[PDB]
Amino acid sequence: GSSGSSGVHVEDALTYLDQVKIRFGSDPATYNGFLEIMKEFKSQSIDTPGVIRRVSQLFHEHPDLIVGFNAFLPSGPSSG
Ligand SMILES: CC[C@H]1ON(C(=O)OC(C)C)[C@H]2CN(CCC(C)C)C(=O)[C@H](CCSC)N2C1=O
């Protein structure tokens, strides 16, 4: 039919995390850069709009990853 899976978990952070490794299994350079950008966020050097800017330049050939991440974010307009 179609490649779709509805119903995510409370913490889908680990899901997309490993997905990048499976997608770019033959391209370690792309995955390495992904980790570097994550480090900047871990150091609080960049914010939400900041990390997005980097992703938009790294995964320029894969907009799906950046777009899907918008919904793959637990923290949002939810009650909390
Ligand atoms: C969802 C899996 C995975 O995807 N992440 C990610 O950056 O995807 C983009 C590169 C497309 C990383 C980076 N961010 C960004 C935060 C910003 C405030 C939007 C995340 O929130 C946490 C990492 C920090 S919390 C552990 N994270 C994930 O959970």
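Residues numbered from 1 in each chain as written, not as in the entry; some residues may be left out. Heavy atoms only, no water.

- The record names solution NMR as the way this model was obtained.

1. Regarding the overall build of the protein chain
Stage number 1. What the protein chain contains, in helices and strands, is four helices and zero strands.
Stage number 2. Going from N to C terminus, the protein chain has its helices and strands arranged as α-α-α-α.
Stage number 3. Along the longest, intermediate and shortest principal axes, the C-alpha atoms of the protein chain span 35 × 30 × 20 Å.
Stage number 4. Across the 80 residues of the protein chain, 19% fall into the buried class.
Stage number 5. Considering only contacts in the protein chain between residues 6 or more positions apart, those separated by 24 or more positions represent 51%. (Helix = DSSP H or I, 4+ residues; strand = E, 2+ residues; numbered from the N terminus. Buried < 20%, exposed > 50% of the residue type's maximum accessible area, 1.4 Å probe, protein only. Contact = heavy atoms within 4.5 Å.)

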